[PDB]
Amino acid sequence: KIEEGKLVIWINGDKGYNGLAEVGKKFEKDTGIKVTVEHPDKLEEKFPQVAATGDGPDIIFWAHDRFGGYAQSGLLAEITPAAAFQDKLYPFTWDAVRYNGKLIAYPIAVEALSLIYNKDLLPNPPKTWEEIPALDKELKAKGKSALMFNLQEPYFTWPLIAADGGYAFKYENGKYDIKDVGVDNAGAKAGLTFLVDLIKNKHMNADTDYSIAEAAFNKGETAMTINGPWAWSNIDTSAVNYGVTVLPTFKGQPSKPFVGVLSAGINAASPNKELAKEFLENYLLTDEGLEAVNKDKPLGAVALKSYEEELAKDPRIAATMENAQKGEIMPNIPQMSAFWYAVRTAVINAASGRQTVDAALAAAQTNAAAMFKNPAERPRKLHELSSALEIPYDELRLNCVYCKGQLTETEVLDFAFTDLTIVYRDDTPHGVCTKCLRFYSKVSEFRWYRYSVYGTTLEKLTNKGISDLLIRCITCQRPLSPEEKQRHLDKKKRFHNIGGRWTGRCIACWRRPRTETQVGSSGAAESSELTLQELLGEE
């Protein structure tokens, strides 16, 4: 459910959202369409969750690596601009947004990590990585540190891991081989072991995240840090005499940062699909719109040929553009979400000592191709599970979350038609059988019944129409059709609130002929109620 005549924009909270709002306010002052820009927490995981249900924003902003898994799930609307529009951007920026030979987003700016050093504490920056442990002990005796950067996200650590030979998926003959993963080779191990050696020798702290590393550098407590173009203005507010230069070398090899291309996607369920096309083309992809976002938090090396040449002489942009040449462009295959999750748990568990470097990377090697390891992005509905597994519904082997018995063909169908969400235990998808579902639905009515109300009253108190409220069957949990909801209104039968959920009775459960028995099948102690709420969508 997305409004008409209105565009909602989502962007990362560190990419300068207030600058994009200025571009939107001029779009509303000229076109009359109120464009709202927001920045949700973890929008790269929250977007596919809410885009699958046809909801979400109209415009999604992120690097190109996540856009492949979106459009593959049918979440991104394809884009076909004009014959003269593709010419004002660099051609390699469109390559990063081309999935299955079709454009899926609007390329904006090219991102790449760089070294950020304090010129007062550190006159000349270190050229290599190995010369930092000795440099830290010099600053340690003065009360400061050498380096502090975000260790909780693998994007900042990847340049060191890819330095001696680590890679994501082998790229050859124009295709990425998801079978050949290079996160556990000698190059990857050497890069991560050197990072853990910095933690063991107490040169860095594994607890350091983006804010801690940023607050410690902007206060003057660390000599240098690793970040992107978005953090330049945050140091400009402080009086830190900083410098942006090339990344240090590891084993004499250049660091290989994963080059990110910030892109703009349009939700396939957005009614204003062409209203959002002319906005990005005529208001963001102009020289003034990019400057407003760059004044807030810098975008790096933008793709627009016009405005890029103006600030191409930037000593910070030149260093970012050089780090991008020695790195490599991020793949846009759908497996990138599972890859980043495997490396993130590999780096964190290796930094904290939860497991050795070999153990973390070996687990990451197998988890890079897995599907259910990432709890955020995971098949929630049955058709998503079958499409992800590439197996039909009758070949699925789903056990009940309660009794661990395998569902039959008809129960798998019932699970999908009832709009039940897949439940995961030990990273394994589960469903629910007919016996367990109708039992705990009645146990829930016996224990967590709150109140009942007429459908006419329910509208006036939620100030929403009855066909917009999700009402499930009190006995079989099937979502009531608009015709079944109108059934309660005409017959003057109240709806029932069980545990905060509103329920009614569908066509099949309206009578329940006498020949049937009351439900008694099962194959504080409220844990069954929490499991049921997972099956219905965690409120």
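Start at 1 and count along the sequence shown; that's the residue number.
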Quiz item: According to the entry, are there none, 1 to 3, 4 to 9, or 10 or more residues of the deposited sequence without coordinates between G523 and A524?
Solution: 10 or more
Quiz prompt | 439-447 or 236-244, whichever carries the higher mean Cα B-factor | solution = 236-244
Self-check item: Stretch with the greater mean C-alpha B-factor as recorded in the entry, comparing 208-216 against 247-255
Solution: 208-216
Practice problem: Going by the CA temperature factor in the entry, name the top one among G405, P315, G166, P154. | Solution: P315
Practice problem: From the list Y307, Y393, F417, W158, select the residue with the highest C-alpha B factor recorded in the entry. | Solution: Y307
Quiz item: If you rank the chain by CA B-factor, which third does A83 end up in: lowest, middle or highest?
Solution: highest
Quiz item: Thinking about Cα B factors across the chain, which third does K102 belong to?
Solution: highest
Quiz prompt | Ranked C-alpha temperature factor of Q477 among modelled chain residues, by third | solution = lowest
Self-check item: Third of chain Cα B-factors occupied by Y90
Solution: highest
Quiz prompt | Within-chain third of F149 by Cα B-factor, per the entry | solution = middle
